[PDB]
Amino acid sequence: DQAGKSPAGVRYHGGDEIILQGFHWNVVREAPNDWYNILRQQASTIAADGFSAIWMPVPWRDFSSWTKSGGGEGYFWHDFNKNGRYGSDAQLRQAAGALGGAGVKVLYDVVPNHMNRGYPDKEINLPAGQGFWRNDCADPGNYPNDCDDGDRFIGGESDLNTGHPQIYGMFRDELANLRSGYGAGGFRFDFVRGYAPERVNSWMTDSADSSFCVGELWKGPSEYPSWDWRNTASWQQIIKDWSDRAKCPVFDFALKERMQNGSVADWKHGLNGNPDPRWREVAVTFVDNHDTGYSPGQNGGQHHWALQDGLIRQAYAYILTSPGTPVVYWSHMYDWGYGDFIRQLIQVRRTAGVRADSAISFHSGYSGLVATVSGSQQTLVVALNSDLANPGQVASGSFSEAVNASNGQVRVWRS
Ligand SMILES: OC[C@H]1O[C@H](O[C@H]2[C@H](O)[C@@H](O)[C@@H](O[C@H]3[C@H](O)[C@@H](O)[C@@H](O)O[C@@H]3CO)O[C@@H]2CO)[C@H](O)[C@@H](O)[C@@H]1O
Ligand SMILES: [Ca+2]
Ligand SMILES: [Ca+2]
């Protein structure tokens, strides 16, 4: 496991991570108060499946409830107490210790933008009129105001002023607490449109400078004002600009947008396919998460932007053979039966030595997506939904078949 920042100082922890999203949306309802126990028991299996890191649910307790129905998942926490719906503080420490002991770095989901301001019994009670809250200042719409230098969550009545020195320091100290007491090897920053990217750089510099980070910026060009250069920019440009300012990797919503809206051939326009290594190496690729994808249980989860089942194998083959840093969704791996396929592709990635900055070339004469990827140990030829017949049509050298699935719709060959 290589540590180390990128040539531009971005915290991609060596560029060699393979991440498991270690939950789905309905965990708090499908395994009440038992998820940490489950992760502890599964730690050795997760490691044996080839993951170097696990993205943990928000560890701050959330007893919210709304009505579709939901609540409790961590994105409306009321304080930092760890005795929440995933399990107790003691069980969290045991799970994090088991995962670390198995070689799996623990990444915590953290939610600085807002909190359950209205919850009756909590340990953090911030009054009005002292600058702690976005709506201490005039709030005319979903854009920065004098108490919140980013966007707001829905109505904004629970957005925190993360730039207030007291609030900044509260989160700084809690990140340090997760590192010292809960085994954190990094963090996933939620809703990063809600606050300044430079504040993520500051928090990481203060409390976890050598750790892995990733931010979730889900905001299309249409959501920016007419006079903002991002209104006419690509999805790639928008997320790359965030990464530059946070010095953090960023979820590849450019790739996700092409997977949802474009053809398979168009998947080459994700951030992770960019020919500039400073661009593609900061991409954190994924197929679905707890928000975009389905989950087992009530209402099938959120499924706000889910990839159809006819493309799931192709999408995992792409992200696991290509540059950027890939994330595997719990439910594909361990609920819905794609685990053996994903296990095989993780082994292919590791055997080939594909890393976040590996070169990737796209080839034009065929249907679907045809790519050659230069790993540190092997070259891969990847053909997805393609009429490519054999790797010698597009690459020099001697190749052996590594993957052949879905009636040849997923094929990978290796040097
Ligand atoms: O009446 C205003 C009050 O209610 C609303 O907040 C609730 C949302 O309506 C509700 O959807 C849910 O939000 C969750 C998201 O659906 C989910 O995708 C994920 O991001 O976690 C969210 C938080 O759990 O819960 C919130 C808060 O209970 C309204 O947005 C606000 O003006 C205010 O909270
Ligand atoms: Ca690493
Ligand atoms: Ca905000």
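We're sticking with Swiss-Prot numbering for chain A, so the shown stretch reads 22-88, 92-439, in order.
Quick reminder: no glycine exception, Cβ is built from N, Cα and C everywhere.
Secondary structure at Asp214 (active site, nucleophile), taken from DSSP and collapsed to helix, strand or coil, is coil. The Cβ of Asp214 (active site, nucleophile) lies under 8 Å from the Cβ of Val79, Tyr99, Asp133, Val134, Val135, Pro136, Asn137, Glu240, each on the same chain and at least six residues away in sequence. As annotated by Swiss-Prot, active site, nucleophile applies to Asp214.
What Swiss-Prot records for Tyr99, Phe100, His138, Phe177, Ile178, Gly179, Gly180, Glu181, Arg212, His314, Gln326 is substrate binding site. There are 9 other CB atoms within 10 A of the CB of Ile178 (substrate binding site), with all protein chains counted.
If you take the C-beta of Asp175 (Ca(2+) 2 binding site) and look for same-chain residues 6 or more apart in sequence within under 8 angstroms, you find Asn166, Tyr167, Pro168, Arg217, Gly218, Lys243. In three-state terms derived from DSSP, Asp175 (Ca(2+) 2 binding site) belongs to neither a helical nor a strand segment and is classed as coil. Positions annotated as Ca(2+) 2 binding site by Swiss-Prot, on the basis of similarity to another entry: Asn137, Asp172, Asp175, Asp183, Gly218.
Residues or ranges marked as disulfide bond in Swiss-Prot: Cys161-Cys171 (among others). There are 21 other Cβ atoms within 10 Å of the Cβ belonging to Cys171 (disulfide bond).
The disulfide bond annotation in Swiss-Prot covers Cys237-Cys272 (among others). Cβ neighbour count for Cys272 (disulfide bond): 28 (other Cβ atoms within 10 Å of its Cβ, all protein chains included). Classification of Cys272 (disulfide bond) by DSSP places it in coil, neither helical nor stranded.
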Problem set entry | Site of maximum Cβ density within 10 Å, from binding-site residues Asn137, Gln326 | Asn137
For this session: Identify which of the following binding-site residues, namely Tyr99, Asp175, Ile178, place a Cβ less than 6 Å away from any atom of ligand 1, and list them by sequence position.
Result: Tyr99, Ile178
Exercise. Do you have the Cα distance in Å for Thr88 and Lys92? The stretch of 3 residues between them isn't modelled.
Worked result: 6
Exercise. Between the binding-site residues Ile178, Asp183, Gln326, which lies closest to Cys171 (disulfide bond), Cα to Cα?
Worked result: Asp183
Seminar exercise, completed: Listed in sequence order, the residues of the same chain lying six or more positions from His138 (substrate binding site) whose CB sits under 8 Å from its CB are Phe100, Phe177, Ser182, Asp183, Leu184, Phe215, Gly218
Seminar exercise, completed: CA pair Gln326 (substrate binding site) / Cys161 (disulfide bond), Å rounded to integer, equals 32
